[PDB]
Each structure stands twice: as C-alpha cells, then as structure tokens.
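Next comes entry.pdb, a file with PDB, C-alpha atoms.
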ATOM      1  CA  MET A   1      22.330  12.996  28.992  1.00  0.00           C
ATOM      2  CA  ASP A   2      24.451  14.429  31.855  1.00  0.00           C
ATOM      3  CA  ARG A   3      28.061  14.811  33.177  1.00  0.00           C
ATOM      4  CA  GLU A   4      29.671  16.861  30.338  1.00  0.00           C
ATOM      5  CA  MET A   5      33.066  17.276  32.116  1.00  0.00           C
ATOM      6  CA  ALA A   6      33.133  13.449  32.599  1.00  0.00           C
ATOM      7  CA  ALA A   7      33.186  12.959  28.773  1.00  0.00           C
ATOM      8  CA  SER A   8      36.108  15.449  28.353  1.00  0.00           C
ATOM      9  CA  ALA A   9      39.788  14.283  28.548  1.00  0.00           C
ATOM     10  CA  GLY A  10      38.764  10.896  27.013  1.00  0.00           C
ATOM     11  CA  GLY A  11      37.848  11.192  23.293  1.00  0.00           C
ATOM     12  CA  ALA A  12      38.657  14.673  21.870  1.00  0.00           C
ATOM     13  CA  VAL A  13      42.370  14.255  22.823  1.00  0.00           C
ATOM     14  CA  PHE A  14      42.412  10.928  20.880  1.00  0.00           C
ATOM     15  CA  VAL A  15      40.857  12.622  17.776  1.00  0.00           C
ATOM     16  CA  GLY A  16      43.707  15.215  17.748  1.00  0.00           C
ATOM     17  CA  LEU A  17      46.261  12.364  18.203  1.00  0.00           C
ATOM     18  CA  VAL A  18      44.863  10.466  15.150  1.00  0.00           C
ATOM     19  CA  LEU A  19      45.238  13.663  13.034  1.00  0.00           C
ATOM     20  CA  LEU A  20      48.845  14.267  14.270  1.00  0.00           C
ATOM     21  CA  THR A  21      49.804  10.691  13.203  1.00  0.00           C
ATOM     22  CA  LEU A  22      48.482  11.446   9.666  1.00  0.00           C
ATOM     23  CA  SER A  23      49.641  15.114   9.403  1.00  0.00           C
ATOM     24  CA  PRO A  24      51.012  17.372  12.200  1.00  0.00           C
ATOM     25  CA  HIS A  25      50.211  20.604  10.180  1.00  0.00           C
ATOM     26  CA  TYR A  26      53.724  21.393   8.820  1.00  0.00           C
ATOM     27  CA  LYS A  27      54.679  25.073   8.243  1.00  0.00           C
TER
END
Starting from the file, lay out its structure as structure tokens.
Amino acid sequence: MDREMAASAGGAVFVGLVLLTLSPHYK
C-alpha cells in the first residue's frame, strides 16, 4: 500500500474514456 502518484494517469483516465464512448454528456 504505497506510491499513490504511481497509480494515477493509468486507470482513472480509462474510466472517463469508457463513459465518453457510451455518453459524452450532451447539452
């Protein structure tokens, strides 16, 4: 349980990408 910055930029960005493919929040 260490290296928090190491986990960033490799997981959360992909989660947002999966949502944009389904629905990019139209307005």
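For the pair atom CA of residue A:23 and atom CA of residue A:7, the separation is 25.5 Å.
Atom to atom, atom CA of residue A:2 and atom CA of residue A:16 stand 23.9 Å apart.
Taking atom CA of residue A:14 as the reference point, atom CA of residue A:1 is found at 21.8 Å.
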To test the calculation: enclose all listed atoms of stretch 2-14 of chain A in a box whose edges run along x, y and z, add 8 Å on each side, then state centre and edge lengths in Å to one decimal, as AutoDock Vina command-line options.
--center_x 33.4 --center_y 14.1 --center_z 27.0 --size_x 34.0 --size_y 22.4 --size_z 28.3
Could I get stretch 3-26 of chain A from the block written as a PDB file, in the first residue's frame, with N, CA, C and O atoms?
ATOM      1  N   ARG A   3       2.983   4.426  -2.972  1.00  0.00           N
ATOM      2  CA  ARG A   3       3.097   5.013  -4.351  1.00  0.00           C
ATOM      3  C   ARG A   3       1.710   5.371  -4.923  1.00  0.00           C
ATOM      4  O   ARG A   3       1.212   4.726  -5.829  1.00  0.00           O
ATOM      5  N   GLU A   4       1.098   6.403  -4.389  1.00  0.00           N
ATOM      6  CA  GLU A   4      -0.255   6.843  -4.872  1.00  0.00           C
ATOM      7  C   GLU A   4      -0.136   7.520  -6.250  1.00  0.00           C
ATOM      8  O   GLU A   4      -0.921   7.254  -7.145  1.00  0.00           O
ATOM      9  N   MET A   5       0.843   8.382  -6.422  1.00  0.00           N
ATOM     10  CA  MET A   5       1.033   9.076  -7.739  1.00  0.00           C
ATOM     11  C   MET A   5       1.323   8.042  -8.840  1.00  0.00           C
ATOM     12  O   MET A   5       0.967   8.239  -9.987  1.00  0.00           O
ATOM     13  N   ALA A   6       1.960   6.941  -8.492  1.00  0.00           N
ATOM     14  CA  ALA A   6       2.277   5.875  -9.497  1.00  0.00           C
ATOM     15  C   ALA A   6       0.983   5.260 -10.056  1.00  0.00           C
ATOM     16  O   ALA A   6       0.938   4.872 -11.206  1.00  0.00           O
ATOM     17  N   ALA A   7      -0.061   5.174  -9.256  1.00  0.00           N
ATOM     18  CA  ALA A   7      -1.352   4.591  -9.746  1.00  0.00           C
ATOM     19  C   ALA A   7      -2.104   5.603 -10.630  1.00  0.00           C
ATOM     20  O   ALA A   7      -2.882   5.216 -11.483  1.00  0.00           O
ATOM     21  N   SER A   8      -1.880   6.886 -10.433  1.00  0.00           N
ATOM     22  CA  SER A   8      -2.578   7.927 -11.259  1.00  0.00           C
ATOM     23  C   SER A   8      -2.131   7.853 -12.731  1.00  0.00           C
ATOM     24  O   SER A   8      -1.152   7.209 -13.062  1.00  0.00           O
ATOM     25  N   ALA A   9      -2.857   8.520 -13.605  1.00  0.00           N
ATOM     26  CA  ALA A   9      -2.539   8.539 -15.076  1.00  0.00           C
ATOM     27  C   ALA A   9      -2.485   7.118 -15.672  1.00  0.00           C
ATOM     28  O   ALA A   9      -1.773   6.871 -16.629  1.00  0.00           O
ATOM     29  N   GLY A  10      -3.234   6.187 -15.121  1.00  0.00           N
ATOM     30  CA  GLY A  10      -3.233   4.788 -15.653  1.00  0.00           C
ATOM     31  C   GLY A  10      -4.410   4.006 -15.060  1.00  0.00           C
ATOM     32  O   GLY A  10      -4.224   2.970 -14.451  1.00  0.00           O
ATOM     33  N   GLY A  11      -5.614   4.498 -15.232  1.00  0.00           N
ATOM     34  CA  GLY A  11      -6.817   3.797 -14.684  1.00  0.00           C
ATOM     35  C   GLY A  11      -8.002   4.767 -14.665  1.00  0.00           C
ATOM     36  O   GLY A  11      -9.003   4.534 -15.318  1.00  0.00           O
ATOM     37  N   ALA A  12      -7.884   5.851 -13.927  1.00  0.00           N
ATOM     38  CA  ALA A  12      -8.999   6.857 -13.860  1.00  0.00           C
ATOM     39  C   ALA A  12      -9.261   7.442 -15.256  1.00  0.00           C
ATOM     40  O   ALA A  12     -10.399   7.604 -15.656  1.00  0.00           O
ATOM     41  N   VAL A  13      -8.213   7.745 -15.995  1.00  0.00           N
ATOM     42  CA  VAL A  13      -8.378   8.310 -17.378  1.00  0.00           C
ATOM     43  C   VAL A  13      -9.161   7.306 -18.242  1.00  0.00           C
ATOM     44  O   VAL A  13     -10.016   7.687 -19.021  1.00  0.00           O
ATOM     45  N   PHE A  14      -8.876   6.029 -18.093  1.00  0.00           N
ATOM     46  CA  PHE A  14      -9.594   4.978 -18.882  1.00  0.00           C
ATOM     47  C   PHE A  14     -11.075   4.938 -18.470  1.00  0.00           C
ATOM     48  O   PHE A  14     -11.939   4.776 -19.311  1.00  0.00           O
ATOM     49  N   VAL A  15     -11.369   5.092 -17.194  1.00  0.00           N
ATOM     50  CA  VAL A  15     -12.796   5.073 -16.724  1.00  0.00           C
ATOM     51  C   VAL A  15     -13.568   6.217 -17.409  1.00  0.00           C
ATOM     52  O   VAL A  15     -14.674   6.026 -17.884  1.00  0.00           O
ATOM     53  N   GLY A  16     -12.981   7.395 -17.468  1.00  0.00           N
ATOM     54  CA  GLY A  16     -13.654   8.558 -18.129  1.00  0.00           C
ATOM     55  C   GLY A  16     -13.816   8.263 -19.627  1.00  0.00           C
ATOM     56  O   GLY A  16     -14.818   8.610 -20.224  1.00  0.00           O
ATOM     57  N   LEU A  17     -12.832   7.619 -20.226  1.00  0.00           N
ATOM     58  CA  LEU A  17     -12.899   7.274 -21.683  1.00  0.00           C
ATOM     59  C   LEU A  17     -14.062   6.300 -21.941  1.00  0.00           C
ATOM     60  O   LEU A  17     -14.806   6.458 -22.894  1.00  0.00           O
ATOM     61  N   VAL A  18     -14.221   5.305 -21.091  1.00  0.00           N
ATOM     62  CA  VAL A  18     -15.336   4.314 -21.258  1.00  0.00           C
ATOM     63  C   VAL A  18     -16.685   5.054 -21.197  1.00  0.00           C
ATOM     64  O   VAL A  18     -17.587   4.772 -21.967  1.00  0.00           O
ATOM     65  N   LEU A  19     -16.813   6.001 -20.293  1.00  0.00           N
ATOM     66  CA  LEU A  19     -18.087   6.779 -20.169  1.00  0.00           C
ATOM     67  C   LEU A  19     -18.297   7.650 -21.417  1.00  0.00           C
ATOM     68  O   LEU A  19     -19.400   7.739 -21.922  1.00  0.00           O
ATOM     69  N   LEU A  20     -17.254   8.283 -21.916  1.00  0.00           N
ATOM     70  CA  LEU A  20     -17.389   9.144 -23.139  1.00  0.00           C
ATOM     71  C   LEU A  20     -17.838   8.300 -24.343  1.00  0.00           C
ATOM     72  O   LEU A  20     -18.601   8.764 -25.170  1.00  0.00           O
ATOM     73  N   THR A  21     -17.384   7.069 -24.438  1.00  0.00           N
ATOM     74  CA  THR A  21     -17.798   6.190 -25.580  1.00  0.00           C
ATOM     75  C   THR A  21     -19.305   5.903 -25.465  1.00  0.00           C
ATOM     76  O   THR A  21     -20.005   5.838 -26.459  1.00  0.00           O
ATOM     77  N   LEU A  22     -19.798   5.743 -24.255  1.00  0.00           N
ATOM     78  CA  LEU A  22     -21.255   5.467 -24.045  1.00  0.00           C
ATOM     79  C   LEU A  22     -22.061   6.774 -24.128  1.00  0.00           C
ATOM     80  O   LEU A  22     -23.051   6.839 -24.828  1.00  0.00           O
ATOM     81  N   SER A  23     -21.644   7.804 -23.424  1.00  0.00           N
ATOM     82  CA  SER A  23     -22.382   9.108 -23.456  1.00  0.00           C
ATOM     83  C   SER A  23     -21.448  10.262 -23.046  1.00  0.00           C
ATOM     84  O   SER A  23     -21.013  10.318 -21.909  1.00  0.00           O
ATOM     85  N   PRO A  24     -21.163  11.150 -23.978  1.00  0.00           N
ATOM     86  CA  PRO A  24     -20.266  12.311 -23.696  1.00  0.00           C
ATOM     87  C   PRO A  24     -20.985  13.485 -22.987  1.00  0.00           C
ATOM     88  O   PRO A  24     -20.546  14.614 -23.099  1.00  0.00           O
ATOM     89  N   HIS A  25     -22.061  13.236 -22.261  1.00  0.00           N
ATOM     90  CA  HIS A  25     -22.807  14.323 -21.537  1.00  0.00           C
ATOM     91  C   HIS A  25     -23.224  15.448 -22.499  1.00  0.00           C
ATOM     92  O   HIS A  25     -22.685  16.542 -22.470  1.00  0.00           O
ATOM     93  N   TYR A  26     -24.186  15.175 -23.352  1.00  0.00           N
ATOM     94  CA  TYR A  26     -24.662  16.211 -24.330  1.00  0.00           C
ATOM     95  C   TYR A  26     -25.367  17.360 -23.594  1.00  0.00           C
ATOM     96  O   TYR A  26     -25.869  17.188 -22.496  1.00  0.00           O
TER      97      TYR A  26
END
